[PDB]
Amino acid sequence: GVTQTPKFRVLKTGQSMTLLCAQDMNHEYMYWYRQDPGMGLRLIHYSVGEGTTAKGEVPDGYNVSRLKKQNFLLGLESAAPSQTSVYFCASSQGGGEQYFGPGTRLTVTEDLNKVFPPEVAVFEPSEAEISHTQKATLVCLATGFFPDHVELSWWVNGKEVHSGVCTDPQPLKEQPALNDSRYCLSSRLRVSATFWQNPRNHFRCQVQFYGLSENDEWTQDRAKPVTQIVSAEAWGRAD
């Protein structure tokens, strides 16, 4: 019952924001962690009730507020590149189970112009695979996006599908040496040869992107990299 708002965010160096955590379970204790790949889960601040907070493992750079029992707010006054991470909120009634929220990944970049939406291309099944295994695999390629804030899903005939789907765990860098490089992601949908050969079956790869928001100002000619869904689709063929 732990909720985090926002879920994704991209900021310019020196900008400010506030992560909101909410729980409807009347829990007395709440926590704010940050998770980077090398160091694991580390505590920033915690609170055992309204009006009181306390420091944790990595407190410097973050402020916290507990004006209400349901909400635990985490604030960044001047964002820095070192604060690029995934921030997890948790609540508990003691030293037992901690109930974590979904997470919030935040990317701090020096220039907001490096924010690009993804290009989504679907690739129809290989004819050889259908003759050899009586199964058909579609591949989806989301390419050239920054930050790595994407949520890929497959839609068959307008309904989301999970059986036969396998998406990469996390996006990879198109250029691993260069910082602020753009990212790529792949996913596969495998259907029976009978299903793919039906010309009335519709396959669509959906990539929900998270970029700039309303309040962010865009002073460039290209379209504003707002949060959007980029899509690619393919129809079955009985050839």
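Position 1 is the first residue in the sequence shown; the rest follow in order.
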Between the two ranges 45 to 53 and 181 to 189, the one averaging a larger CA B factor in the entry: 181 to 189
For the stretches 115 to 123 and 86 to 94, which has the higher mean C-alpha B-factor as given in the deposited record? 115 to 123
Highest Cα B-factor in the PDB entry belongs to which of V161, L73, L141, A136? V161
Third assignment of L11 from its chain's C-alpha B-factors: middle
Using the temperature factors of the C-alpha atoms in this entry, rank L172 within its chain: lowest, middle or highest third. highest
Going by the entry, which third of its chain does the Cα temperature factor of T107 land in? middle
Would the CA B-factor of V230 place it in the lowest, middle or highest third of its chain? middle
Entry-reported Cα temperature factor of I130, expressed as the chain third it lands in: middle
